[PDB]
$ cat model-v6.pdb   # PDB, C-alpha atoms
ATOM      1  CA  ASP E   4      25.490  11.697  -2.988
ATOM      2  CA  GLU E   5      22.283  11.492  -5.014
ATOM      3  CA  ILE E   6      23.547   8.953  -7.589
ATOM      4  CA  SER E   7      24.473   6.541  -4.790
ATOM      5  CA  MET E   8      21.041   7.098  -3.352
ATOM      6  CA  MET E   9      19.282   6.588  -6.712
ATOM      7  CA  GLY E  10      21.419   3.498  -7.247
ATOM      8  CA  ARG E  11      20.171   1.957  -3.996
ATOM      9  CA  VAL E  12      16.512   2.864  -4.793
ATOM     10  CA  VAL E  13      16.780   1.204  -8.226
ATOM     11  CA  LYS E  14      18.366  -1.870  -6.651
ATOM     12  CA  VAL E  15      15.524  -2.091  -4.083
ATOM     13  CA  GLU E  16      12.955  -1.793  -6.889
ATOM     14  CA  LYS E  17      14.491  -4.683  -8.763
ATOM     15  CA  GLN E  18      14.608  -6.854  -5.680
ATOM     16  CA  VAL E  19      11.009  -5.977  -4.866
ATOM     17  CA  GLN E  20       9.892  -7.121  -8.414
ATOM     18  CA  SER E  21      11.733 -10.343  -8.011
ATOM     19  CA  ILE E  22      10.074 -10.854  -4.584
ATOM     20  CA  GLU E  23       6.621 -10.261  -6.070
ATOM     21  CA  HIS E  24       7.285 -12.814  -8.839
ATOM     22  CA  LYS E  25       8.418 -15.401  -6.277
ATOM     23  CA  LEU E  26       5.160 -14.988  -4.309
ATOM     24  CA  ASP E  27       3.192 -15.287  -7.573
ATOM     25  CA  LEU E  28       4.881 -18.703  -7.792
ATOM     26  CA  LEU E  29       3.753 -19.692  -4.272
ATOM     27  CA  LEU E  30       0.222 -18.382  -4.955
ATOM     28  CA  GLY E  31      -0.211 -19.891  -8.384
ATOM     29  CA  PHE E  32      -0.672 -16.561 -10.147
ATOM     30  CA  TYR E  33       1.185 -16.615 -13.510
TER      31      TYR E  33
ATOM     32  CA  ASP I   4      18.665  15.386   6.048
ATOM     33  CA  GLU I   5      20.147  13.258   3.271
ATOM     34  CA  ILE I   6      22.204  10.950   5.532
ATOM     35  CA  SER I   7      19.069  10.036   7.492
ATOM     36  CA  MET I   8      17.360   9.388   4.203
ATOM     37  CA  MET I   9      20.248   7.280   2.838
ATOM     38  CA  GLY I  10      20.327   5.428   6.150
ATOM     39  CA  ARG I  11      16.672   4.425   5.784
ATOM     40  CA  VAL I  12      17.169   3.381   2.109
ATOM     41  CA  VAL I  13      20.126   1.158   3.073
ATOM     42  CA  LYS I  14      18.103  -0.359   5.909
ATOM     43  CA  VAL I  15      15.202  -1.113   3.514
ATOM     44  CA  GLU I  16      17.637  -2.737   1.064
ATOM     45  CA  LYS I  17      18.974  -5.039   3.736
ATOM     46  CA  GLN I  18      15.514  -6.027   4.870
ATOM     47  CA  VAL I  19      14.459  -6.641   1.278
ATOM     48  CA  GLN I  20      17.464  -9.060   0.774
ATOM     49  CA  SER I  21      16.571 -10.906   3.893
ATOM     50  CA  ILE I  22      12.930 -11.159   2.690
ATOM     51  CA  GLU I  23      14.045 -12.566  -0.665
ATOM     52  CA  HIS I  24      16.208 -15.202   1.067
ATOM     53  CA  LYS I  25      13.287 -16.238   3.289
ATOM     54  CA  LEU I  26      11.058 -16.791   0.227
ATOM     55  CA  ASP I  27      13.874 -18.785  -1.419
ATOM     56  CA  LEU I  28      13.514 -21.030   1.646
ATOM     57  CA  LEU I  29       9.743 -21.434   1.136
ATOM     58  CA  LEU I  30      10.240 -22.047  -2.609
ATOM     59  CA  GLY I  31      13.138 -24.446  -2.338
ATOM     60  CA  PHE I  32      15.549 -22.264  -4.295
ATOM     61  CA  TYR I  33      19.023 -22.392  -2.657
TER      62      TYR I  33
ATOM     63  CA  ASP W   4      16.740  14.269 -10.647
ATOM     64  CA  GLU W   5      14.427  14.278  -7.633
ATOM     65  CA  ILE W   6      11.190  13.577  -9.557
ATOM     66  CA  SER W   7      12.737  10.439 -11.063
ATOM     67  CA  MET W   8      13.807   9.459  -7.591
ATOM     68  CA  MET W   9      10.367  10.156  -6.068
ATOM     69  CA  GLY W  10       8.813   8.249  -8.959
ATOM     70  CA  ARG W  11      10.859   5.144  -8.132
ATOM     71  CA  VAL W  12      10.067   5.438  -4.373
ATOM     72  CA  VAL W  13       6.323   5.653  -5.112
ATOM     73  CA  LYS W  14       6.578   2.663  -7.443
ATOM     74  CA  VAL W  15       8.388   0.633  -4.736
ATOM     75  CA  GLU W  16       5.688   1.581  -2.211
ATOM     76  CA  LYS W  17       2.954   0.320  -4.483
ATOM     77  CA  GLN W  18       4.753  -2.930  -5.141
ATOM     78  CA  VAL W  19       5.388  -3.388  -1.430
ATOM     79  CA  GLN W  20       1.586  -3.000  -0.698
ATOM     80  CA  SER W  21       0.768  -5.520  -3.328
ATOM     81  CA  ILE W  22       3.370  -7.917  -1.828
ATOM     82  CA  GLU W  23       1.855  -7.528   1.642
ATOM     83  CA  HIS W  24      -1.640  -8.292   0.291
ATOM     84  CA  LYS W  25      -0.353 -11.423  -1.464
ATOM     85  CA  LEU W  26       1.148 -12.729   1.806
ATOM     86  CA  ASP W  27      -2.143 -11.945   3.588
ATOM     87  CA  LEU W  28      -3.618 -14.380   1.047
ATOM     88  CA  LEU W  29      -1.074 -17.107   1.908
ATOM     89  CA  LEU W  30      -1.570 -16.491   5.652
ATOM     90  CA  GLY W  31      -5.337 -16.310   5.630
ATOM     91  CA  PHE W  32      -5.499 -12.753   6.944
ATOM     92  CA  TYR W  33      -8.266 -10.824   5.104
TER      93      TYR W  33
ATOM     94  CA  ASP F   4       9.915  17.958  -1.611
ATOM     95  CA  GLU F   5      12.292  16.044   0.652
ATOM     96  CA  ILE F   6       9.847  15.574   3.564
ATOM     97  CA  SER F   7       7.333  13.934   1.219
ATOM     98  CA  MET F   8      10.127  11.749  -0.036
ATOM     99  CA  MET F   9      11.333  10.847   3.482
ATOM    100  CA  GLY F  10       7.721  10.178   4.439
ATOM    101  CA  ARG F  11       7.360   7.612   1.648
ATOM    102  CA  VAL F  12      10.724   5.954   2.529
ATOM    103  CA  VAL F  13       9.669   5.607   6.187
ATOM    104  CA  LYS F  14       6.316   4.173   5.118
ATOM    105  CA  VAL F  15       8.066   1.611   2.861
ATOM    106  CA  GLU F  16      10.371   0.637   5.743
ATOM    107  CA  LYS F  17       7.437  -0.037   8.017
ATOM    108  CA  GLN F  18       5.659  -2.103   5.408
ATOM    109  CA  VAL F  19       8.838  -4.052   4.715
ATOM    110  CA  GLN F  20       9.158  -4.939   8.490
ATOM    111  CA  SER F  21       5.606  -6.082   8.577
ATOM    112  CA  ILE F  22       6.226  -8.222   5.446
ATOM    113  CA  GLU F  23       9.280  -9.833   7.046
ATOM    114  CA  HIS F  24       7.283 -10.680  10.197
ATOM    115  CA  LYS F  25       4.517 -12.260   8.102
ATOM    116  CA  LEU F  26       7.045 -14.533   6.342
ATOM    117  CA  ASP F  27       8.539 -15.443   9.741
ATOM    118  CA  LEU F  28       5.016 -16.707  10.485
ATOM    119  CA  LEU F  29       4.916 -18.849   7.316
ATOM    120  CA  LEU F  30       8.448 -20.156   7.998
ATOM    121  CA  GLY F  31       8.012 -20.866  11.677
ATOM    122  CA  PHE F  32      10.723 -18.457  12.796
ATOM    123  CA  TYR F  33       9.572 -16.600  15.958
TER     124      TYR F  33
END
$ encode --input "model-v6.pdb" --output "structure tokens"
Amino acid sequence: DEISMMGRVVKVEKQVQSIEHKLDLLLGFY
Amino acid sequence: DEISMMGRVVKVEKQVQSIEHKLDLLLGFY
Amino acid sequence: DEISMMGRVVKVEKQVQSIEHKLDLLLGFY
Amino acid sequence: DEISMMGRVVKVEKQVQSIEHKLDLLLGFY
């Protein structure tokens, strides 16, 4: 099921953005 | 093979959650 | 839509590379 | 193209494992 698949890809993308922002906090990038 | 593909996406999602939790530990978010 | 899907996968890949480079900065790998 | 797609997913998975190991280094998990 391609919608299920796309759903998981979109979820991963959002988590990945949130991860990058958290590292920007540790690094002092803003 | 779409099951193989979905399998890898699900695996990536779980690793990504585990990564976000580990950074929450470094950041002091709980 | 497979192009939309591929688009999101490529985006995730680029964010993931950028994340790995940022951690290389925290770790002192260069 | 599904092979191209699977190729990128596998690449992301490998980068994600490498990212988790790097954080294990910052956290002192071994």
$ atom_distance --input "model-v6.pdb" --atom1 "CA of residue 29 (chain W)" --atom2 "CA of residue 12 (chain I)"
27.4 Å
$ residues_around --input "model-v6.pdb" --residues "residue 5 (chain F)" --least-positions-apart "5" --cutoff "10 Å" --atoms "all atoms listed in the file" --output "number ranges by chain"
I: 4-5, 8; W: 5, 9; F: 10-11
$ calpha_fit_and_write --input "model-v6.pdb" --fixed "chain I" --moving "chain E" --output "tab-separated table (two decimals) with C-alpha atoms, in the frame of the given file"
chain	number	residue	atom	x	y	z
E	4	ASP	CA	18.66	15.39	6.05
E	5	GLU	CA	20.15	13.26	3.27
E	6	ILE	CA	22.20	10.95	5.53
E	7	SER	CA	19.07	10.04	7.49
E	8	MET	CA	17.36	9.39	4.20
E	9	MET	CA	20.25	7.28	2.84
E	10	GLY	CA	20.33	5.43	6.15
E	11	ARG	CA	16.67	4.43	5.78
E	12	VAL	CA	17.17	3.38	2.11
E	13	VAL	CA	20.13	1.16	3.07
E	14	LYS	CA	18.10	-0.36	5.91
E	15	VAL	CA	15.20	-1.11	3.51
E	16	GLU	CA	17.64	-2.74	1.06
E	17	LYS	CA	18.97	-5.04	3.74
E	18	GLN	CA	15.51	-6.03	4.87
E	19	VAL	CA	14.46	-6.64	1.28
E	20	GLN	CA	17.46	-9.06	0.77
E	21	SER	CA	16.57	-10.91	3.89
E	22	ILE	CA	12.93	-11.16	2.69
E	23	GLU	CA	14.05	-12.57	-0.67
E	24	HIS	CA	16.21	-15.20	1.07
E	25	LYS	CA	13.29	-16.24	3.29
E	26	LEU	CA	11.06	-16.79	0.23
E	27	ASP	CA	13.87	-18.79	-1.42
E	28	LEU	CA	13.51	-21.03	1.65
E	29	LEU	CA	9.74	-21.43	1.14
E	30	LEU	CA	10.24	-22.05	-2.61
E	31	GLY	CA	13.14	-24.45	-2.34
E	32	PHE	CA	15.55	-22.26	-4.29
E	33	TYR	CA	19.02	-22.39	-2.66
$ closest_residue --input "model-v6.pdb" --among "I:31, I:7, I:20, I:15" --to "chain F" --atoms "all atoms listed in the file"
I:15
$ atom_distance --input "model-v6.pdb" --atom1 "CA of residue 22 (chain I)" --atom2 "CA of residue 14 (chain W)"
18.3 Å
$ residues_around --input "model-v6.pdb" --residues "residue 28 (chain W)" --least-positions-apart "2" --cutoff "12 Å" --atoms "only C-alpha atoms" --output "number ranges by chain"
E: 26-27, 29-32; W: 21-26, 30-33; F: 25-26, 29
$ write_last_selection --input "model-v6.pdb" --atoms "C-alpha atoms" --output "compact mmCIF listing (two decimals), keeping the file's coordinate frame"
# COMPACT_ATOMS: atom_id res chain seq x y z
CA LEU E 26 5.16 -14.99 -4.31
CA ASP E 27 3.19 -15.29 -7.57
CA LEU E 29 3.75 -19.69 -4.27
CA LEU E 30 0.22 -18.38 -4.96
CA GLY E 31 -0.21 -19.89 -8.38
CA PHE E 32 -0.67 -16.56 -10.15
CA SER W 21 0.77 -5.52 -3.33
CA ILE W 22 3.37 -7.92 -1.83
CA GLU W 23 1.86 -7.53 1.64
CA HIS W 24 -1.64 -8.29 0.29
CA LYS W 25 -0.35 -11.42 -1.46
CA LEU W 26 1.15 -12.73 1.81
CA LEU W 30 -1.57 -16.49 5.65
CA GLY W 31 -5.34 -16.31 5.63
CA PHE W 32 -5.50 -12.75 6.94
CA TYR W 33 -8.27 -10.82 5.10
CA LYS F 25 4.52 -12.26 8.10
CA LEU F 26 7.04 -14.53 6.34
CA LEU F 29 4.92 -18.85 7.32
$ atom_distance --input "model-v6.pdb" --atom1 "CA of residue 18 (chain I)" --atom2 "CA of residue 16 (chain E)"
12.8 Å
